[PDB]
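Some notes on the structure that comes next.
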Amino acid sequence: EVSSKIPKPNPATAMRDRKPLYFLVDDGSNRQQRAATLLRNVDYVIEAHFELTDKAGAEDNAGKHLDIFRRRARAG
RNA sequence: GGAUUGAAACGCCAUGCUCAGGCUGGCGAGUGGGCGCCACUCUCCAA
């Protein structure tokens, strides 16, 4: 894996003088090795329900979104 | 259309099992034993 993220550029100066930008993965300490332990077979069932946000418009109704959700889930 | 301690993340670049060594030297299938004992082509048919 990699050691660090990328920095923000300045579009103006970048083009006004052609300059390459990149991150060099293979260089020195940039390379980092990480181990992991993980599950191998899973299955679950989830129970939940909706609730109205404060910014919601007056026309919004939870049941409508719930029906949309059921449609989408059935259709995959 | 904000936010699954999440969003991105190569095990990678390459190296001869090599050089060589006798299954050899040699040993008798060899000694010896009867196919023998004995038995009618014989009775009669002109040229």
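Order determines the names: the first chain of the structure tokens is A, the second B, and so forth; residues in each chain are numbered 1 upward, and ligands are numbered 1 upward as they are shown.
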TODO: For chain A, list the residues within 8 Å of chain B, counting only C-alpha atoms (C1' of nucleotides), and write the list as an NGL selection string.
DONE: :A and (1-2 or 5)
Among chain A, which residues does DSSP mark as helix (DSSP H, G or I) when it is run on the backbone? Keep the chain and numbering as in the structure and answer as a CSV table (one decimal) with N, CA and C atoms, in the first residue's frame.
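For reference, part.csv as written:
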chain,number,residue,atom,x,y,z
A,11,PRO,N,-4.2,25.3,-10.5
A,11,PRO,CA,-4.3,25.2,-11.9
A,11,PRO,C,-3.6,26.3,-12.7
A,12,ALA,N,-3.7,27.5,-12.2
A,12,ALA,CA,-3.1,28.6,-13.0
A,12,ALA,C,-1.7,28.4,-13.3
A,13,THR,N,-0.8,28.4,-12.3
A,13,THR,CA,0.6,28.3,-12.5
A,13,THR,C,1.0,27.0,-13.2
A,14,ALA,N,0.2,25.9,-12.9
A,14,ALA,CA,0.6,24.6,-13.5
A,14,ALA,C,0.6,24.7,-15.0
A,15,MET,N,-0.4,25.2,-15.6
A,15,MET,CA,-0.4,25.2,-17.1
A,15,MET,C,0.5,26.3,-17.7
A,16,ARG,N,0.6,27.5,-17.0
A,16,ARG,CA,1.3,28.6,-17.5
A,16,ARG,C,2.8,28.3,-17.6
A,28,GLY,N,11.2,4.4,-2.4
A,28,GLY,CA,11.6,4.4,-1.0
A,28,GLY,C,10.5,4.2,0.0
A,29,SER,N,10.4,5.0,1.0
A,29,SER,CA,9.4,4.8,2.1
A,29,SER,C,8.0,4.9,1.6
A,30,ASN,N,7.7,5.4,0.4
A,30,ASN,CA,6.3,5.6,0.0
A,30,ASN,C,5.6,4.2,0.0
A,62,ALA,N,-43.1,10.0,4.4
A,62,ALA,CA,-42.2,8.8,4.6
A,62,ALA,C,-42.7,7.7,3.8
A,63,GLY,N,-44.0,7.4,3.8
A,63,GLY,CA,-44.6,6.3,3.0
A,63,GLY,C,-44.2,6.3,1.6
A,64,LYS,N,-44.2,7.5,0.9
A,64,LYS,CA,-43.9,7.5,-0.5
A,64,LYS,C,-42.4,7.0,-0.7
A,65,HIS,N,-41.5,7.5,0.1
A,65,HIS,CA,-40.1,7.1,-0.1
A,65,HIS,C,-40.0,5.6,0.3
A,66,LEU,N,-40.8,5.1,1.2
A,66,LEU,CA,-40.7,3.7,1.6
A,66,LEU,C,-41.2,2.8,0.4
A,67,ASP,N,-42.3,3.3,-0.3
A,67,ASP,CA,-42.7,2.5,-1.4
A,67,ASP,C,-41.7,2.6,-2.6
A,68,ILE,N,-41.1,3.7,-2.8
A,68,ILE,CA,-40.1,3.8,-3.8
A,68,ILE,C,-38.9,2.8,-3.5
A,69,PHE,N,-38.6,2.7,-2.2
A,69,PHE,CA,-37.5,1.8,-1.8
A,69,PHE,C,-37.9,0.4,-2.1
A,70,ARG,N,-39.2,0.0,-1.7
A,70,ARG,CA,-39.6,-1.3,-2.0
A,70,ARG,C,-39.6,-1.7,-3.5
A,71,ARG,N,-40.0,-0.7,-4.3
A,71,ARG,CA,-40.0,-0.9,-5.8
A,71,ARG,C,-38.5,-1.2,-6.2
A,72,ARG,N,-37.6,-0.3,-5.8
A,72,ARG,CA,-36.2,-0.5,-6.2
A,72,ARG,C,-35.7,-1.8,-5.7
A,73,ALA,N,-35.9,-2.2,-4.5
A,73,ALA,CA,-35.4,-3.4,-4.0
A,73,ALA,C,-35.9,-4.6,-4.8
A,74,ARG,N,-37.2,-4.6,-5.0
A,74,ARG,CA,-37.8,-5.7,-5.8
A,74,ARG,C,-37.2,-5.8,-7.2
A,75,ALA,N,-37.0,-4.6,-7.8
A,75,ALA,CA,-36.4,-4.6,-9.2
A,75,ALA,C,-34.9,-4.9,-9.2
Task: Non-local contacts of residue 7 of chain A (12 Å; only C-alpha atoms (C1' of nucleotides); under 6 positions in same chain excluded) as a VMD selection string - done: chain A and resid 21 to 23
Suppose we keep N, CA and C atoms; can you now write the selection as a JSON list (two decimals), in the first residue's frame?
[["chain", "number", "residue", "atom", "x", "y", "z"],
["A", 21, "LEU", "N", 2.97, 16.37, -12.83],
["A", 21, "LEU", "CA", 2.49, 16.12, -11.48],
["A", 21, "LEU", "C", 2.18, 14.64, -11.35],
["A", 22, "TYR", "N", 2.54, 14.05, -10.21],
["A", 22, "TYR", "CA", 2.37, 12.62, -10.03],
["A", 22, "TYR", "C", 2.79, 12.24, -8.62],
["A", 23, "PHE", "N", 2.45, 11.02, -8.24],
["A", 23, "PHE", "CA", 2.94, 10.40, -7.02],
["A", 23, "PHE", "C", 3.65, 9.11, -7.39]]
